[PDB]
2 protein chains.
Amino acid sequence: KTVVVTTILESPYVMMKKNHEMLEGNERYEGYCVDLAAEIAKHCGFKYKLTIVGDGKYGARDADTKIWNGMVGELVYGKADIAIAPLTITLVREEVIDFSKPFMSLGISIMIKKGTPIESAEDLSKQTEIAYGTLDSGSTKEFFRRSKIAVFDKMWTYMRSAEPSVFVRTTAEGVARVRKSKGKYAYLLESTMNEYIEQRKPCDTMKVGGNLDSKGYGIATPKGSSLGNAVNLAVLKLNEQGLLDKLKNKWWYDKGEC
Amino acid sequence: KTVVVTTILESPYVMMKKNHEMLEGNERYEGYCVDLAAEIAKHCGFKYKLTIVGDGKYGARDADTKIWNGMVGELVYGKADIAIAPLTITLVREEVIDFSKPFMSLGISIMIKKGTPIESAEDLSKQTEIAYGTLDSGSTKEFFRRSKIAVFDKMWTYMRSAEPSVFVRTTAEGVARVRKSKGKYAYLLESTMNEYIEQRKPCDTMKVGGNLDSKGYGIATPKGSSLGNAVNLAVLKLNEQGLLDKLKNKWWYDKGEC
Ligand SMILES: N[C@@H](Cc1conc1O)C(=O)O
Ligand SMILES: N[C@@H](Cc1conc1O)C(=O)O
């Protein structure tokens, strides 16, 4: 009956505590989703174990094997009972797993090294000196791969065939690439992560332009899971009580470093 | 099998066409939700009839009779098969009807007559010369009635006992009150409606401060309805294809009058 929670090491949702090596179990972790997990478990009356997704991915269906990877896969194949992470609600995922209503609203955005002469996706698409990419799997990459909108289709055509690869394995790698590329690399990632990093030292990045879309993160469970109903009601209650807003402030701005 | 759609006359979601008196059926109406209804019906393969909610309300449980009114009530009592309108996803409603994932994101906001010395909810709560209210039923009024947050609790205590009443029957009445009160009345309504009105003549209102919360509108169906699954997938597809963003631009800004 201990609920197995799959999540991902993504700041500031789930991070290793500074003294994690001296701790064990759930206590090794801290962050927005660690706090959210505790709140959801309290309101739903369950005990849980936090586990970091084995392959470190969000979740996508492998085009060759048709097998789902990441957190989505752990739910699909019964390795975890629930996913509490910044997992984007998308059509392809909705078809295979259940999602609570959004606990956070967001959109794809552009991260640049301060001073980079870019203000929008259109700007990126109309030039070649500044390379740009996305996480190598997940909703952002899929957004571009499937887009039929002129600007985005043009961006995908460039990104997919760009060499060396413009895609990264983790958000942290994308941020590092922006910071080390002297303005010659821009990273496409969710506004939530972008806004967080903008308030972290060395305070050398900036979110520019409006978001490309409007979507949300949902707490996921295996399709048909009896846990889904209570979890969804918990998310709505937590949002209405102002807890979710308090948590974003706690992990994004209260201790901002810039 | 013709699907009965309940909706509400709320600009720019559903409005009477200028020549409505010479037309009949669905063709009498136009707006964001009229377009959305057509798209959803197309993707789900159903024919429908648009009907305007009899009591003109969004939906709340009468504390005396325990009977649900508005669009929520029409779904609860089987008078309509689906609601396609700016119906806010809330905990109390989620418990009695089904909701698709959000088709629009929004939050409670403040509408003022241009020049009014108010920039936030806190400002409103710390003064008495400028009266303020909400729709007389629905998620915004409930937000304040149930709030345990200092500023909002203080605002509710004032609003509920204010005489004459600071509540209005329709969004249009709230807007008119702001426009005719010479800056002595501020209206609390959803950002979506606020942003729309700001671009309508006489261009004398303004949205001020940040939103008080973050939530969304969902397409609703009776609890357990077989129509829910397809409708939800349709909303996600329409959002991912960029249609929803196109529709907001079409009805909010493309023909803005300011
Ligand atoms: N939340 C996204 C992944 C993601 C995180 O930040 N930018 C991204 O692209 C997903 O669920 O794939
Ligand atoms: N969408 C809300 C009503 C509403 C519309 O605009 N401001 C409001 O308060 C609801 O569903 O009650």
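Indices start at 1 and increase along the chain as displayed.
So how was this one determined? The header says X-ray crystallography, 1.5 Å.
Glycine is no exception: its Cβ is also placed from the backbone N, Cα and C atoms.
Feature list (source: Swiss-Prot):
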BINDING   A:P86, A:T88, A:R93, A:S139, A:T140, A:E190  L-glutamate binding site
DISULFID  A:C203-A:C258  disulfide bond
MOD_RES   A:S147  phosphoserine
MOD_RES   A:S181  phosphoserine
SITE      A:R61  site 'Interaction with the cone snail toxin Con-ikot-ikot'
SITE      A:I118  site 'Crucial to convey clamshell closure to channel opening'
SITE      A:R145  site 'Interaction with the cone snail toxin Con-ikot-ikot'
SITE      A:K237  site 'Interaction with the cone snail toxin Con-ikot-ikot'
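Recorded features from Swiss-Prot, shown on the structure.
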residue: A:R61; record: site 'Interaction with the cone snail toxin Con-ikot-ikot'; Cβ within 10 Å: 17
residue: A:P86; record: L-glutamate binding site; Cβ within 10 Å: 23
residue: A:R93; record: L-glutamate binding site; Cβ within 10 Å: 28
residue: A:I118; record: site 'Crucial to convey clamshell closure to channel opening'; Cβ within 10 Å: 19
residue: A:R145; record: site 'Interaction with the cone snail toxin Con-ikot-ikot'; Cβ within 10 Å: 13
residue: A:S147; record: phosphoserine; Cβ within 10 Å: 19
residue: A:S181; record: phosphoserine; Cβ within 10 Å: 16
residue: A:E190; record: L-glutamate binding site; Cβ within 10 Å: 25
residue: A:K237; record: site 'Interaction with the cone snail toxin Con-ikot-ikot'; Cβ within 10 Å: 17
residue: A:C258; record: disulfide bond; Cβ within 10 Å: 11
Of the recorded positions listed as A:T140, A:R145, A:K237, the one whose CA lies nearest the CA of A:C258 (disulfide bond): A:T140
Candidate recorded positions A:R61, A:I118, A:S181, A:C203, pick with smallest Cα gap to A:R93 (L-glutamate binding site): A:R61
Recorded positions among A:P86, A:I118, A:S139, A:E190, A:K237, A:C258 whose Cβ lies under 8 Å from any chain B Cβ: A:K237
Cβ neighbour count (within 10 Å, all chains shown) around A:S139 (L-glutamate binding site): 24
Span of A:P86, A:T88, A:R93, A:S139, A:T140, A:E190 around L-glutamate - largest C-alpha separation, Å: 17
Listed in sequence order, residues not in A:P86, A:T88, A:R93, A:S139, A:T140, A:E190 with Cβ within 8 Å of the centre of the L-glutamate site Cβ atoms: A:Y58, A:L87, A:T90, A:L106, A:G138, A:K215, A:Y217
DSSP three-state assignment (helix, strand or coil) for A:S147 (phosphoserine): coil
All-chain count of other Cβ atoms within 10 Å of A:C203 (disulfide bond): 13
Rounded Cα-Cα span from A:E190 (L-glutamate binding site) to A:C203 (disulfide bond), Å: 18
Of A:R61, A:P86, A:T88, A:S139, A:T140, recorded positions neighbouring ligand 1, Cβ under 6 A: A:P86, A:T88, A:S139, A:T140
Cα-to-Cα gap, A:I118 (site 'Crucial to convey clamshell closure to channel opening') vs A:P86 (L-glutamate binding site), nearest whole Å: 27
For A:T88 (L-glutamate binding site), nearby residues of its own chain (Cβ under 8 Å, 6 or more apart in sequence): A:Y58, A:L106, A:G138, A:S139, A:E190, A:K215, A:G216, A:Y217, A:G218
Spatial separation of A:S181 (phosphoserine) from A:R145 (site 'Interaction with the cone snail toxin Con-ikot-ikot') - C-alpha basis, Å: 25
